$ cat query.cif   # mmCIF, C-alpha atoms and all ligand atoms
data_input
loop_
_atom_site.label_atom_id
_atom_site.label_comp_id
_atom_site.auth_asym_id
_atom_site.auth_seq_id
_atom_site.Cartn_x
_atom_site.Cartn_y
_atom_site.Cartn_z
CA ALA A 2 6.31 16.91 78.39
CA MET A 3 4.35 14.57 76.12
CA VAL A 4 0.83 13.42 75.40
CA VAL A 5 1.01 9.76 74.29
CA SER A 6 -1.44 7.67 72.29
CA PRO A 7 -2.33 4.59 74.35
CA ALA A 8 -2.52 2.72 71.03
CA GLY A 9 1.04 3.37 69.90
CA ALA A 10 1.89 4.89 66.51
CA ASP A 11 0.10 2.33 64.37
CA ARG A 12 -3.63 3.04 64.92
CA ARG A 13 -6.62 1.53 63.17
CA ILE A 14 -9.12 3.89 61.63
CA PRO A 15 -12.64 2.49 61.61
CA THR A 16 -14.46 3.42 58.40
CA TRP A 17 -17.10 5.48 60.26
CA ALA A 18 -14.27 7.71 61.52
CA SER A 19 -12.26 7.92 58.27
CA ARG A 20 -13.34 11.45 57.26
CA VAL A 21 -13.21 12.67 60.86
CA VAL A 22 -9.63 11.49 61.30
CA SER A 23 -8.63 12.66 57.79
CA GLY A 24 -10.07 16.10 58.48
CA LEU A 25 -8.19 16.43 61.78
CA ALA A 26 -5.05 15.10 60.01
CA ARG A 27 -5.42 17.86 57.34
CA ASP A 28 -6.30 20.68 59.76
CA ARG A 29 -4.12 19.77 62.77
CA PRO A 30 -5.92 21.90 65.39
CA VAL A 31 -3.80 22.56 68.53
CA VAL A 32 -6.67 21.37 70.72
CA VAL A 33 -9.90 19.61 69.71
CA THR A 34 -13.02 20.86 71.51
CA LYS A 35 -16.12 18.72 71.89
CA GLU A 36 -17.93 21.21 69.62
CA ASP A 37 -15.25 20.90 66.93
CA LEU A 38 -15.50 17.12 67.00
CA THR A 39 -19.35 17.25 66.97
CA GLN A 40 -19.31 19.44 63.83
CA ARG A 41 -16.72 17.20 62.13
CA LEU A 42 -18.87 14.11 62.81
CA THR A 43 -21.90 15.80 61.18
CA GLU A 44 -19.78 16.93 58.21
CA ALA A 45 -18.58 13.33 57.71
CA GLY A 46 -22.21 12.13 57.44
CA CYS A 47 -21.58 10.34 60.72
CA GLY A 48 -24.68 10.14 62.89
CA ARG A 49 -22.85 8.81 65.96
CA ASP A 50 -23.52 10.33 69.35
CA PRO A 51 -20.56 12.74 69.87
CA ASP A 52 -19.78 11.34 73.36
CA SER A 53 -19.81 7.80 71.97
CA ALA A 54 -17.62 8.81 69.00
CA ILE A 55 -15.11 10.45 71.35
CA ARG A 56 -15.04 7.44 73.72
CA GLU A 57 -14.17 5.13 70.83
CA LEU A 58 -11.66 7.56 69.34
CA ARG A 59 -10.10 7.76 72.82
CA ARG A 60 -10.08 3.98 73.17
CA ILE A 61 -8.39 3.48 69.83
CA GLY A 62 -5.89 6.27 70.50
CA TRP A 63 -6.66 9.19 68.21
CA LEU A 64 -7.94 11.58 70.91
CA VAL A 65 -6.35 11.95 74.35
CA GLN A 66 -8.38 13.73 77.01
CA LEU A 67 -6.94 17.04 78.18
CA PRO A 68 -7.31 18.52 81.74
CA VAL A 69 -9.95 21.06 80.81
CA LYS A 70 -13.48 19.71 80.33
CA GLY A 71 -14.51 19.35 76.70
CA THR A 72 -11.00 19.32 75.20
CA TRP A 73 -8.81 16.61 73.64
CA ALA A 74 -5.51 16.37 71.86
CA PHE A 75 -5.47 14.79 68.39
CA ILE A 76 -2.45 12.54 67.91
CA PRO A 77 -1.66 12.86 64.20
CA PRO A 78 -1.15 9.93 61.84
CA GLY A 79 2.38 8.52 61.99
CA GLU A 80 3.09 9.83 65.50
CA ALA A 81 3.02 8.04 68.81
CA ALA A 82 2.88 11.26 70.88
CA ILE A 83 2.82 15.03 70.96
CA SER A 84 5.79 16.89 72.42
CA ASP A 85 4.27 20.07 73.85
CA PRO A 86 4.51 20.68 77.58
CA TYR A 87 1.87 23.41 77.58
CA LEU A 88 -1.10 21.47 76.24
CA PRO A 89 -2.94 21.76 79.59
CA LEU A 90 -2.78 25.58 79.25
CA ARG A 91 -3.66 25.57 75.56
CA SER A 92 -6.68 23.41 76.47
CA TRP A 93 -7.75 26.15 78.86
CA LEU A 94 -7.44 28.85 76.14
CA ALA A 95 -9.48 26.55 73.87
CA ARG A 96 -12.42 26.88 76.28
CA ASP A 97 -11.70 30.41 77.55
CA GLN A 98 -9.75 32.83 75.35
CA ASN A 99 -9.68 35.17 78.41
CA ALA A 100 -8.05 32.62 80.76
CA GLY A 101 -5.69 35.44 81.71
CA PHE A 102 -2.67 33.39 82.84
CA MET A 103 0.94 34.03 82.09
CA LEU A 104 3.80 31.52 82.20
CA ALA A 105 5.80 32.39 85.33
CA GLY A 106 8.71 31.29 87.50
CA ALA A 107 10.81 28.53 85.94
CA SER A 108 8.94 28.49 82.61
CA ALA A 109 9.39 32.21 82.06
CA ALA A 110 13.07 31.95 83.15
CA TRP A 111 13.63 29.02 80.79
CA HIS A 112 12.37 30.77 77.66
CA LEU A 113 14.06 34.07 78.63
CA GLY A 114 17.27 32.03 78.77
CA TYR A 115 18.24 32.11 82.45
CA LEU A 116 18.24 28.35 83.11
CA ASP A 117 20.76 25.62 82.34
CA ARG A 118 18.12 22.89 82.15
CA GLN A 119 14.59 22.71 80.86
CA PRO A 120 12.38 22.62 83.90
CA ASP A 121 9.90 19.81 84.38
CA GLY A 122 6.95 19.30 86.71
CA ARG A 123 3.83 21.35 87.07
CA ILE A 124 3.72 24.44 84.84
CA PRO A 125 4.28 27.62 86.86
CA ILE A 126 1.82 30.38 85.96
CA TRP A 127 0.71 33.72 87.31
CA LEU A 128 -3.02 34.44 87.56
CA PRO A 129 -4.67 37.71 88.54
CA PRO A 130 -6.51 37.72 91.95
CA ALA A 131 -9.92 37.60 90.28
CA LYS A 132 -9.31 34.49 88.08
CA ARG A 133 -10.04 30.93 89.22
CA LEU A 134 -8.04 27.96 88.04
CA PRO A 135 -10.26 25.27 86.50
CA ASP A 136 -10.23 22.27 88.89
CA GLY A 137 -8.97 19.81 86.27
CA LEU A 138 -5.77 21.88 85.99
CA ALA A 139 -4.51 21.79 89.61
CA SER A 140 -2.40 18.63 88.98
CA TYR A 141 -0.74 20.29 85.97
CA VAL A 142 -0.05 23.88 87.01
CA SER A 143 1.26 25.74 90.06
CA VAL A 144 -0.16 29.23 90.53
CA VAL A 145 1.68 32.25 91.90
CA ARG A 146 -0.69 34.93 93.06
CA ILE A 147 0.97 38.34 93.34
CA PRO A 148 -1.78 40.97 93.08
CA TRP A 149 -0.45 42.81 90.05
CA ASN A 150 -2.94 44.89 88.00
CA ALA A 151 -4.30 42.42 85.41
CA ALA A 152 -5.02 45.45 83.19
CA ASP A 153 -1.34 46.30 82.76
CA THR A 154 0.00 43.16 80.99
CA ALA A 155 2.43 45.42 79.08
CA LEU A 156 4.15 45.79 82.43
CA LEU A 157 4.19 42.01 83.05
CA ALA A 158 5.25 40.88 79.59
CA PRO A 159 8.83 41.43 78.40
CA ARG A 160 9.48 44.65 76.56
CA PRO A 161 9.23 43.97 72.81
CA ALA A 162 12.53 45.88 72.34
CA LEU A 163 14.16 43.47 74.79
CA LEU A 164 12.88 40.44 72.81
CA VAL A 165 14.39 41.93 69.62
CA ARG A 166 17.77 42.62 71.29
CA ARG A 167 17.71 39.09 72.74
CA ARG A 168 16.91 37.49 69.33
CA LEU A 169 13.62 36.17 70.73
CA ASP A 170 10.57 35.94 68.53
CA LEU A 171 8.15 38.76 69.36
CA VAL A 172 5.26 36.32 69.56
CA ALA A 173 6.60 32.75 69.85
CA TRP A 174 9.51 33.06 72.31
CA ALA A 175 7.44 31.18 74.98
CA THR A 176 5.88 28.88 72.32
CA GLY A 177 3.00 31.25 71.75
CA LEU A 178 1.68 31.64 75.29
CA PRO A 179 1.78 34.85 77.38
CA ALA A 180 4.79 34.84 79.73
CA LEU A 181 6.32 37.10 82.36
CA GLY A 182 9.24 39.22 81.30
CA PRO A 183 12.49 39.47 83.28
CA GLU A 184 11.24 42.28 85.51
CA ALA A 185 8.10 40.42 86.53
CA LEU A 186 10.13 37.24 86.95
CA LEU A 187 12.65 38.96 89.20
CA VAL A 188 9.90 40.60 91.26
CA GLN A 189 8.09 37.26 91.52
CA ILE A 190 11.05 35.36 92.88
CA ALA A 191 12.08 38.24 95.24
CA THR A 192 8.50 38.55 96.55
CA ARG A 193 7.98 34.82 97.03
CA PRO A 194 11.25 32.88 96.69
CA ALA A 195 9.40 29.63 97.57
CA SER A 196 7.28 30.00 94.43
CA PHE A 197 10.37 29.35 92.32
CA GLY A 198 11.91 25.87 92.11
CA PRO A 199 15.25 25.64 90.26
CA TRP A 200 17.23 28.28 92.20
CA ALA A 201 20.54 26.43 91.68
CA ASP A 202 19.81 26.45 87.94
CA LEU A 203 19.05 30.20 87.99
CA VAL A 204 21.68 31.68 90.32
CA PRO A 205 24.68 31.31 87.96
CA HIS A 206 22.76 33.49 85.45
CA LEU A 207 21.67 36.42 87.65
CA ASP A 208 24.04 38.75 85.77
CA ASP A 209 22.19 37.85 82.55
CA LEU A 210 18.76 38.45 84.16
CA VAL A 211 19.70 41.73 85.82
CA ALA A 212 21.15 43.19 82.60
CA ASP A 213 17.69 42.63 81.00
CA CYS A 214 15.65 44.48 83.64
CA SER A 215 14.65 48.09 83.42
CA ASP A 216 14.70 49.60 86.91
CA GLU A 217 11.57 51.69 86.22
CA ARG A 218 9.62 48.51 85.42
CA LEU A 219 11.07 46.81 88.50
CA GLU A 220 9.91 49.69 90.62
CA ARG A 221 6.36 49.71 89.23
CA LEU A 222 6.09 45.92 89.66
CA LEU A 223 7.37 46.19 93.27
CA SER A 224 4.88 48.94 94.08
CA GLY A 225 2.58 47.48 96.74
CA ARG A 226 4.77 44.47 97.50
CA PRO A 227 6.04 44.12 101.09
CA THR A 228 9.34 45.85 101.94
CA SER A 229 11.01 42.44 102.04
CA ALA A 230 10.36 42.06 98.28
CA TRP A 231 12.14 45.35 97.65
CA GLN A 232 15.08 44.22 99.81
CA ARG A 233 15.33 40.89 98.02
CA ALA A 234 14.90 42.39 94.54
CA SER A 235 17.56 44.98 95.23
CA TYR A 236 19.90 42.28 96.54
CA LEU A 237 19.33 40.31 93.28
CA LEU A 238 20.49 43.39 91.34
CA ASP A 239 23.57 43.48 93.58
CA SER A 240 24.14 39.75 93.09
CA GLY A 241 23.87 40.22 89.29
CA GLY A 242 26.76 42.64 89.55
CA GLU A 243 24.86 45.91 89.86
CA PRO A 244 25.20 47.12 93.48
CA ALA A 245 24.57 50.77 92.58
CA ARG A 246 21.30 49.88 90.80
CA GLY A 247 20.25 47.70 93.75
CA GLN A 248 20.80 50.45 96.32
CA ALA A 249 19.00 53.01 94.13
CA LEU A 250 16.04 50.67 93.66
CA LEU A 251 15.88 49.99 97.38
CA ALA A 252 15.83 53.72 98.09
CA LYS A 253 12.52 53.99 96.16
CA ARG A 254 10.55 51.69 98.52
CA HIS A 255 7.41 53.08 100.11
CA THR A 256 8.20 52.21 103.74
CA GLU A 257 11.22 53.81 105.47
CA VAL A 258 11.80 51.34 108.33
CA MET A 259 13.40 48.19 107.12
CA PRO A 260 13.15 45.07 109.32
CA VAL A 261 15.84 42.43 108.67
CA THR A 262 14.67 39.97 106.02
CA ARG A 263 15.80 36.45 105.10
CA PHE A 264 16.36 35.37 101.52
CA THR A 265 15.35 31.75 101.82
CA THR A 266 12.93 29.18 100.35
CA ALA A 267 12.53 27.69 103.84
CA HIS A 268 14.56 28.97 106.81
CA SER A 269 16.61 26.44 108.86
CA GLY A 273 23.35 25.44 105.30
CA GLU A 274 25.16 28.79 105.56
CA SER A 275 24.35 32.54 105.26
CA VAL A 276 25.80 35.93 104.25
CA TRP A 277 24.81 39.30 105.74
CA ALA A 278 24.03 42.17 103.38
CA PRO A 279 23.51 45.28 105.57
CA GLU A 280 22.91 47.47 102.47
CA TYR A 281 19.59 45.59 102.05
CA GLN A 282 19.11 44.54 105.67
CA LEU A 283 19.18 41.03 104.33
CA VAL A 284 20.40 37.66 105.52
CA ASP A 285 21.03 35.59 102.39
CA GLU A 286 20.47 31.86 103.02
CA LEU A 287 19.92 31.10 99.37
CA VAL A 288 21.71 32.92 96.57
CA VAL A 289 25.35 32.94 97.79
CA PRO A 290 24.99 29.61 99.68
CA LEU A 291 23.81 27.92 96.42
CA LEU A 292 26.65 29.56 94.47
CA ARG A 293 28.99 28.13 97.11
CA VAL A 294 27.66 24.57 96.71
CA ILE A 295 27.83 24.92 92.89
CA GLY A 296 31.51 26.00 92.93
CA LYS A 297 32.47 22.98 95.08
NA NA B 1 20.60 39.42 79.50
#
$ encode --input "query.cif" --output "structure tokens"
Amino acid sequence: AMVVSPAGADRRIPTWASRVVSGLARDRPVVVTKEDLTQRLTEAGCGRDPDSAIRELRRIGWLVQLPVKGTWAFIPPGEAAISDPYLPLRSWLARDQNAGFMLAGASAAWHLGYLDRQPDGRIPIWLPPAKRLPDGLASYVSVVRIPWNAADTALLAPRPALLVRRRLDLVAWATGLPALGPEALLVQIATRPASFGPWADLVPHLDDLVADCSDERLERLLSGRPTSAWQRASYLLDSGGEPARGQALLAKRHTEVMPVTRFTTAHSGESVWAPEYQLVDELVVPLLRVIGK
């Protein structure tokens, strides 16, 4: 959630650093790169080694190292911390504007409005097959790796018209980062239910999610997924109160024969049988049952 100055709110400013800190205080960059700090030192008439300058600024609490190499957060005067849970990802974009990730799973669901509680923990993202996660980020992010076409991000992102209808800001609804829309979210959690954490937080709001999904987008995002994903996605439509849509979606799958599938994050509670989708539900209805009690 927060990046905290180890020095507390009241930080000394050595004279050598006065213009550097004042410039960062005026400009308030989201992330400070090593190159940005190097240039600001030079501009200040400061001939300090950049690494040395940063080490001291770190020690005294003005810069806090971020997970991606060569990035820092500036903690502004008068503040003890920054409240921004996505600074690890912004630090990645600071080094690589083509990072190519999208907020996924619980983060996407949270900003789309399907969760009771703000999720915490590692930030769930989707990355295309071809993109590697920088090593510094593994402790901060969990990656879901469904081989969607990275070229068609219009498919992955929510429909702008949906954002407008939902009173979400066209650009800042997920705090300015790229994020999966409801269709890609639903397909993600149907394809790999274990990739999604707060199921109990989501399941009361399936009606809300399902009402926001276009079935054509669902179908194109399911194209190439295993049949089980289609079964589970169609059952989610049913569970969100749209059995006719669920059965129609399931009828558009590529493979005719439909093995029985489990809807579970880890098979071992109670279960419901949905023959329409050849699905044993160990998750959605069983959670709804615990929640009602
Ligand atoms: Na909705």
$ residues_around --input "query.cif" --residues "residue 51 (chain A)" --least-positions-apart "6" --cutoff "9 Å" --atoms "all atoms listed in the file" --output "list in words"
residues 35, 36, 38, 39 and 42 of chain A
$ atom_distance --input "query.cif" --atom1 "CA of residue 146 (chain A)" --atom2 "CA of residue 123 (chain A)"
15.5 Å
$ residues_near_ligand --input "query.cif" --ligand "ligand NA 1 (chain B)" --cutoff "8 Å" --atoms "only C-alpha atoms and all ligand atoms" --output "MDAnalysis selection string"
chainID A and resid 167 208:213
$ closest_residue --input "query.cif" --among "A:225, A:183, A:135, A:71" --to "residue 107 (chain A)" --atoms "all atoms listed in the file"
A:183
$ closest_residue --input "query.cif" --among "A:277, A:18, A:174, A:203" --to "residue 57 (chain A)" --atoms "all atoms listed in the file"
A:18
$ residues_around --input "query.cif" --residues "residue 185 (chain A)" --least-positions-apart "5" --cutoff "8 Å" --atoms "only C-alpha atoms" --output "PDB file with C-alpha atoms, in the frame of the given file"
ATOM      1  CA  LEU A 156       4.150  45.790  82.430  1.00  0.00           C
ATOM      2  CA  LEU A 157       4.190  42.010  83.050  1.00  0.00           C
ATOM      3  CA  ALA A 158       5.250  40.880  79.590  1.00  0.00           C
ATOM      4  CA  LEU A 219      11.070  46.810  88.500  1.00  0.00           C
ATOM      5  CA  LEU A 222       6.090  45.920  89.660  1.00  0.00           C
TER       6      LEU A 222
END
$ residues_around --input "query.cif" --residues "residue 238 (chain A)" --least-positions-apart "5" --cutoff "7 Å" --atoms "only C-alpha atoms" --output "ChimeraX atom specification"
/A:211,243-244,246-247
$ closest_residue --input "query.cif" --among "A:147, A:276, A:252, A:259" --to "residue 288 (chain A)" --atoms "only C-alpha atoms"
A:276
$ closest_atom_pairs --input "query.cif" --of "region 158-250 of chain A" --to "region 86-91 of chain A" --cutoff "12 Å" --atoms "only C-alpha atoms" --output "Markdown table"
| residue | atom | partner | partner_atom | distance |
| --- | --- | --- | --- | --- |
| A:175 | CA | A:87 | CA | 9.9 |
| A:176 | CA | A:87 | CA | 8.6 |
| A:177 | CA | A:91 | CA | 9.5 |
| A:178 | CA | A:91 | CA | 8.1 |
| A:179 | CA | A:90 | CA | 10.5 |
| A:180 | CA | A:90 | CA | 12.0 |
$ write_last_selection --input "query.cif" --atoms "C-alpha atoms" --output "PDB file, in the coordinates of the input"
ATOM      1  CA  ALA A 175       7.440  31.180  74.980  1.00  0.00           C
ATOM      2  CA  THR A 176       5.880  28.880  72.320  1.00  0.00           C
ATOM      3  CA  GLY A 177       3.000  31.250  71.750  1.00  0.00           C
ATOM      4  CA  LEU A 178       1.680  31.640  75.290  1.00  0.00           C
ATOM      5  CA  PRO A 179       1.780  34.850  77.380  1.00  0.00           C
ATOM      6  CA  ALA A 180       4.790  34.840  79.730  1.00  0.00           C
TER       7      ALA A 180
END
$ axis_aligned_box --input "query.cif" --around "region 175-190 of chain A" --padding-each-side "3 Å" --output "JSON"
{"center_x": 7.2, "center_y": 35.6, "center_z": 82.3, "size_x": 17.0, "size_y": 19.4, "size_z": 27.1}
$ closest_residue --input "query.cif" --among "A:43, A:189, A:72, A:262" --to "residue 110 (chain A)" --atoms "all atoms listed in the file"
A:189
$ closest_residue --input "query.cif" --among "A:81, A:134, A:214, A:261" --to "residue 284 (chain A)" --atoms "only C-alpha atoms"
A:261
$ closest_residue --input "query.cif" --among "A:6, A:119, A:40, A:23" --to "residue 66 (chain A)" --atoms "only C-alpha atoms"
A:6
